[PDB]
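Just the one chain here, laid out as structure tokens, in the form solved without its partner chain.
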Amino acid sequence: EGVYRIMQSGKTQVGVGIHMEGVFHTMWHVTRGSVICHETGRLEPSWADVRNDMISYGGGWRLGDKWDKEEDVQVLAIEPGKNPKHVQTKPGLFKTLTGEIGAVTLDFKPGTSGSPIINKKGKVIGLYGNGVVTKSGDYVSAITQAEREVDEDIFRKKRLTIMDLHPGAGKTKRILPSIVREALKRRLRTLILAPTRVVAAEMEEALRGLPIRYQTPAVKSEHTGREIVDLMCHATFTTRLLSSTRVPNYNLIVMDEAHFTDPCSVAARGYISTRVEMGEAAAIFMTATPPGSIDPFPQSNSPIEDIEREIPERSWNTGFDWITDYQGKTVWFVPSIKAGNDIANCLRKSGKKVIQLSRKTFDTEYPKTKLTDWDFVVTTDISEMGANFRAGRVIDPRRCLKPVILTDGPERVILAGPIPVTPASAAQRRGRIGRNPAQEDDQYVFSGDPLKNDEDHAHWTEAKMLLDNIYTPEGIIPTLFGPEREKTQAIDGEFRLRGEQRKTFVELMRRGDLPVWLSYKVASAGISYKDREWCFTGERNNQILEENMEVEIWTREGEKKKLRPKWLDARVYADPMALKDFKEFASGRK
């Protein structure tokens, strides 16, 4: 501990800070956001205030006391090239409209700012290094100062705890490793569920030193008696529930980003809630936007400037100067990959560096957003799940595409939209910023209002299809999670299959890369997995179009037939990649 100096054609200090209370405290003009090199990792700014010129590195602040009205405050004077020379003074008062705060008049040379000031006796009473020069008076500097691990019941069986954790509340860096630590101390079979693989990797980095075993979906089950915590994705857990009778009866399950509306994730939450009700496990759902929340503008640890204006849907030419004139990094949320490309090109025309993101390109394009410096990141809603960015602005038209099962006539899944996003979605898109403090408040530029009613979303029905197709000790039926239960009127178990149909239904999703609804429609018809004849025997209106032309596929045998599925799912030909995969499937290649 103590008081250290912040140093930079040579080595020379620009300010001073306090290394106490486990935190390092300085001012903005001293650091302007940076890193401090010591054996105790690297210090990063967690909180800041330009209005009062303060920065707290790695947690805090802190500190934090206040001087008496008639107190002789003394100032430490650690200066470049000099020794610490204390100076006792009788402080004054700098009258302001927010209020009058004390101000000492001491002559100190540039680079010594941030030096501690002391109360009558004992602890620190504030920081010195900010003031104003008078034309009459020689000098003055304002006494600057600002105001201002988890429960054990979180492990109790038959209890689900929802932790509304805003980023960054030290969820991944401080909270989760603490929960895993306490779990290991209590000899608990702990399971950790990440939305995506990269998040799981971040967890691995954050859980170094702990017995953590990553679980791949290529493995149906894994076991060791070495008292270890399992770490896997939501979908991995779901598919393991669908493909193995050897699932561990975990007594503590923790799901990160538990707001995920992916069918696998919803089903997962259903099963977990079920196990909790069975009194054999304790659950922890971590999410900034729990299923019982409708706030598009939540509170962040860094100030967010909410701006509302007109946002381009397609390529623009003039009028939107504010988009390109912004000289920081920006995250733009698009409803679809098509719109994403259309925006990305128009952005690159202005000479901007644009990285595009989506579900099938996430694991390969997301690291690019960290290593290389860029100007724009165009993304679908996939970034609402634990995606961290070093940006200052979020552009969010608040529009998305929604899979809907049309039952009017033959059942078919369409992509209704672009449709206004859910309030939770908007909050999560807004949550990409307001993380790390900067002198310029993070800007959330948006358009339109969010819509609550998403009960016609196909993912709920698909989740119901996934849930009741999972074996479990009877008589217990795996139902949807509480808050999400009221979004479908599907009777429990009405999607249950038997034996080979179930196996086919799993293989269609896992090996065929087909959506849940499509896989269910094919499986419950009695069609074998390798049988692809159904991709061609559809109605004339089930013709799939690729770039305004009718698709034609050369079959496995060697015959050309038009791509015309018996059941039409819009998600298999939404983007060229999905259509490529589905064309690979229809050819009997995979």
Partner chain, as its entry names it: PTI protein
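In this text, rigid core is short for the largest set of C-alphas that superpose within 1.5 Å between two forms. Positions refer to the first chain, counted from 1.
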In the entry, residues of the deposited sequence missing between residue 223 and residue 224 amount to none
Between residue 8 and residue 9, the number of deposited residues left without coordinates comes to 1 to 3
Between 464-472 and 101-109, the record assigns the higher mean Cα B factor to 101-109
Assert higher mean C-alpha B factor (248-256 or 168-176, deposited values) equals 168-176
From the entry's CA B-factor values, the highest among 280, 455, 365, 72 is 72
For 549, 527, 563, 37, the deposited C-alpha B-factor is largest at 37
Here the Cα B-factor of residue 355, set against its chain, lands in the third termed middle
The third of the chain into which the C-alpha temperature factor of residue 243 falls is the middle
Temperature factor at the Cα of residue 413, chain-ranked in thirds, falls in the lowest
Residue 190: CA temperature factor from the record, placed by chain third, in the lowest
Of the three thirds of Cα B-factor ranks in this chain, residue 327 occupies the highest
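We do not show the form deposited with its partner chain bound, though everything after this point is about it.
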Checked 386, 263, 129, 296 for heavy atoms within 4.5 Å of its partner chain in the bound PDB entry; positive is 129
Of 66, 29, 562, 556, the only residue with a heavy atom within 4.5 Å of its partner chain in the bound PDB entry is 29
- Query: How about residue 107: is it within 4.5 Å of its partner chain in the bound PDB entry, going by heavy atoms?
  - Reply: yes
Even though the partner isn't displayed, in the bound PDB entry is residue 113 close enough to its partner chain, meaning a heavy atom within 4.5 Å? yes
Q) Using heavy atoms and a 4.5 Å limit, would one call residue 139 a contact residue for its partner chain in the bound PDB entry? A) yes
Review point. Would residue 579 count as a contact of its partner chain in the bound PDB entry, using a 4.5 angstroms cut-off between non-hydrogen atoms?
Key: no
Of the candidate stretches 378-386, 418-426, 341-349, 121-129, the one with residues having heavy atoms within 4.5 Å of its partner chain in the bound PDB entry is 121-129
Listed 157, 186, 174, 120; moving between the shown form and the other one by 2 Å or more at the CA after core fit is just 120
Q.
Once you overlay the rigid core, does the Cα of residue 94 travel 2 Å or further between the shown form and the other one?
A. yes
| said: Using a rigid core superposition, assess whether residue 37 undergoes a CA shift of 2 Å or more between the shown form and the other one. | reply: yes
- Note yes or no: does the Cα of residue 82 move by 2 Å or more between the shown form and the other one after the core is superposed? yes
Checking the C-alpha spacing of residue 178 and residue 43, a student should find that in the bound PDB entry it changes by 3 angstroms or more, with the atoms farther
Per the comparison in the bound PDB entry, the residue 42 and residue 299 C-alpha atoms (change 3 Å or more) are positioned farther
